[PDB]
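1. Below you'll find the sequence and an experimental structure to go with it.
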Amino acid sequence: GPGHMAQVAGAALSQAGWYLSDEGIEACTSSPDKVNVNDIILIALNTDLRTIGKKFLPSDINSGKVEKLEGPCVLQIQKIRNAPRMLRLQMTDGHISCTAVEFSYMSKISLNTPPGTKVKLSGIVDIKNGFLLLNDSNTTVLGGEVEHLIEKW
């Protein structure tokens, strides 16, 4: 019934790398009697993690003191700046901001990639002087957009 269905949906979300708060998951669920992980994910893709996400990044991730970050985990792109292409990404878990550099041959992130886009990081990601080092091996674009995204609330 609704209790066990919410439980198995919550398990599926965590297994996929999402870190949403309990209140966030309720917000993304259209009814306690119509729990559908696809629809929870669709709404979350198109929602600001500052509103629905749970903290999972280390507070000092930009300090240099953190050297690695293990996936799976879903992050949100706040801003993008521009042989493979190289982009600089400002990202957030909804609580802590971090910065990445991304090298992509297959070109699935561009400077046109909308703010609010979600990406999933997989495996162990190196962080070199505060920059996460991303490439096509450890980064998957999940999509979504957060319209009219404001970087600083």
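-> Happy to help now that I have it. Numbers count the residues shown, from 1 in each chain.

2. longest helix anywhere in the protein?
-> Longest helix of the chain, by residue count under DSSP state H: helix 2-15.

3. Which stretches in this structure count as strands?
-> Ranges of strands in the chain, per DSSP state E, are 68-70, 73-81, 85-92, 97-104, 118-121, 124-128, 131-135, 139-143.

4. Can you give the contact residues for the third one?
-> Read that as strand 85-92. Strand 85-92 is contacted from outside by 49-50, 75-82, 97-104, 107, 109-111, 119, 132, 134, 151, using Cβ atoms under 8 Å, 6 or more residues apart in numbering. The way it works is simple: take the backbone N, C-alpha and C, and place the C-beta from them, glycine included.

5. Just want to check the distance between residue 47 and residue 99.
-> Look at residue 47 and residue 99: by Cβ to Cβ, to the nearest Å, they are 22 Å apart.

6. Compare these two (neighbour count), which wins?
-> residue 47 (21 against 16; other Cβ atoms under 10 Å).

7. In contact with the more buried one, which residues?
-> Counting by Cβ under 8 Å, 6+ apart, residue 47 has contacts 27, 28, 144, 146.

8. of all the residues you listed, which comes closest to residue 115?
-> Of all these, the one with the least separation from residue 115 (Cβ to Cβ) is residue 146, at 6.2 Å.

9. if you skip the residues just before and after it, what's nearest to that closest one?
-> Among residues not flanking residue 146 along the chain, residue 116 sits closest, at 2.5 Å (Cβ to Cβ, 6 or more residues apart in numbering).

10. My read is that the one you found contacts residue 147, right?
-> Yes - counting by Cβ atoms under 8 Å, residue 116 does reach residue 147; the two are 7.4 Å apart.

11. quick one, which of these two is more surrounded?
-> More crowded of residue 116 and residue 147, by other Cβ under 10 Å: residue 116, with 20 against 9.

12. separation between that one and residue 32?
-> Distance from residue 116 to residue 32, counting by Cβ to Cβ: 27 Å.

13. cool, residue 59 as well?
-> According to Cβ to Cβ, residue 59 stands 34 Å off from residue 32.

14. Equivalent analysis for residue 23, please.
-> In terms of Cβ to Cβ, residue 23 sits 14 Å off from residue 32.
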